[PDB]
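Reviewing the structure listed below.
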Amino acid sequence: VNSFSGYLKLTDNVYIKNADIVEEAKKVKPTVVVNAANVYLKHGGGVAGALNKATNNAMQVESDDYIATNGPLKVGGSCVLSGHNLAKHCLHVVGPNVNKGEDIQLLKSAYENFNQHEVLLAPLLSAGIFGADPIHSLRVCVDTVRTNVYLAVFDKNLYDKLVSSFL
Ligand SMILES: OCC1(Nc2ncnc3[nH]ccc23)CCC1
Ligand SMILES: [Cl-]
């Protein structure tokens, strides 16, 4: 039993809800919140900009030190950093950004990072301003993640469309 509330159950381990991931994280304070990151951990917009804003820029400060030490992530890769006031940990995961010409096949690799954590709150990777089809992202999530994932989906038209089209 966990404290996630109001989710629709899609499969044994995947759940989905129309929600602002920032507001969800503050309420639940999950062990792991997933950020829709880029390789530079520059949290400007989309989910990343919203999460970082909610941390009063502490996420960005921590991220800049991480990059200065370790260099950029790989597309499809991840790192674990602090969750600040939102979660115990933040798993920064880089899905491919179609508006940059990045290979969509890397979306499966990106979701594989979720399997290192028993329970996660997360957005749909490569959706939103990363330019991929959210229906496709949901399919890859369901077919790749085996741990318990709670998917937030801020946009309402996307959520109903995602629920109504799910196979
Ligand atoms: O899930 C991916 C999508 N973006 C978000 N989801 C959940 N919470 C969010 N907060 C800010 C952006 C955001 C892209 C379409 C939904
Ligand atoms: Cl977005």
Side-chain angles (χ1 to χ4, degrees), residues 3-11 13-60 63 73 75-76 78 81 83-87 89-102 104 106-114 117 119-145 147-166:
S3 59
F4 289 101
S5 176
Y7 284 78
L8 180 67
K9 181 169 179 59
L10 294 176
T11 68
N13 64 302
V14 179
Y15 294 81
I16 194 166
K17 182 183 182 180
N18 169 222
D20 181 342
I21 192 169
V22 170
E23 290 311 314
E24 273 291 288
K26 286 193 283 188
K27 183 69 174 185
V28 176
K29 310 227 201 305
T31 303
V32 180
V33 66
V34 173
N35 182 32
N38 60 51
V39 298
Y40 307 110
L41 303 179
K42 290 306 185 193
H43 309 302
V47 167
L51 292 176
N52 176 59
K53 179 178 176 184
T55 76
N56 184 43
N57 211 50
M59 178 179 285
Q60 191 64 67
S63 293
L73 296 180
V75 178
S78 71
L81 291 172
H84 301 275
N85 50 318
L86 303 176
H89 305 285
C90 179
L91 181 70
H92 295 272
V93 180
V94 183
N97 187 328
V98 175
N99 302 316
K100 297 181 179 176
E102 288 163 1
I104 194 63
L106 290 168
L107 187 54
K108 188 173 184 75
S109 301
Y111 274 117
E112 288 171 342
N113 294 285
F114 289 24
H117 303 276
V119 184
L120 317 86
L121 173 62
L124 287 169
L125 298 179
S126 300
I129 67 177
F130 281 61
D133 180 355
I135 299 174
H136 174 66
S137 182
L138 177 56
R139 188 74 257 164
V140 178
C141 180
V142 163
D143 292 341
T144 305
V145 180
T147 55
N148 289 329
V149 56
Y150 292 85
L151 291 169
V153 175
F154 170 82
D155 196 86
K156 166 178 157 185
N157 288 119
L158 172 52
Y159 170 76
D160 287 349
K161 183 187 183 190
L162 286 165
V163 166
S164 290
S165 61
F166 182 70

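Sequential numbering from 1 along the given sequence is applied to the chain's residues. Numbering of ligands and ligand atoms starts at 1, following listing order.
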Query raised in the report: Measuring from each atom of ligand 1, which residues have a heavy atom under 4.0 Å away?
Result: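 Its neighbours under 4.0 Å (heavy atoms only) are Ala19, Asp20, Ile21, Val47, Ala50, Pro123, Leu124, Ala127, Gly128, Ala152, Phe154, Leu158, given by chain and number.
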Report task. Enter the distance from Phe114:CZ to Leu125:CG here, rounded to the nearest 0.5 Å. Result -> 4.0 Å
Query raised in the report: Are side-chain heavy atoms of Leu162 and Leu124 found at a separation under 4.5 Å?
Result: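 Sidechains of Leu124 and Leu162: in contact.
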Requested in this report: Any pair with a residue in residues 122-138 that passes side chain to side chain donor-acceptor pair (under 3.5 Å), sequence neighbours left out, goes on the list, sorted by first then second residue, please.
Outcome: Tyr111-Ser137
Report task. Using the test side chain to side chain donor-acceptor pair (under 3.5 Å), find all partners of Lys156 that sit at least two apart in sequence or belong to another chain. Result -> none
Identify all side-chain donor-acceptor contacts of residues 22-39 below 3.5 Å with residues at least two apart in sequence or on another chain.
from, atom 1, to, atom 2, distance (Å)
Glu23, OE2, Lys26, NZ, 3.1
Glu24, OE1, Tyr7, OH, 2.9
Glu24, OE2, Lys17, NZ, 2.9
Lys29, NZ, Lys26, O, 2.8
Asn35, OD1, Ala48, N, 3.4
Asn35, ND2, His43, ND1, 3.2
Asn35, ND2, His92, ND1, 3.0
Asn38, OD1, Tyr40, N, 3.2
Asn38, OD1, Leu41, N, 3.0
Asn38, OD1, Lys42, N, 3.0
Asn38, ND2, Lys42, O, 2.9

Query raised in the report: Minimum heavy-atom separation for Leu158 to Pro134, with atom names?
Result: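 It is CD1-CG, 3.1 Å.
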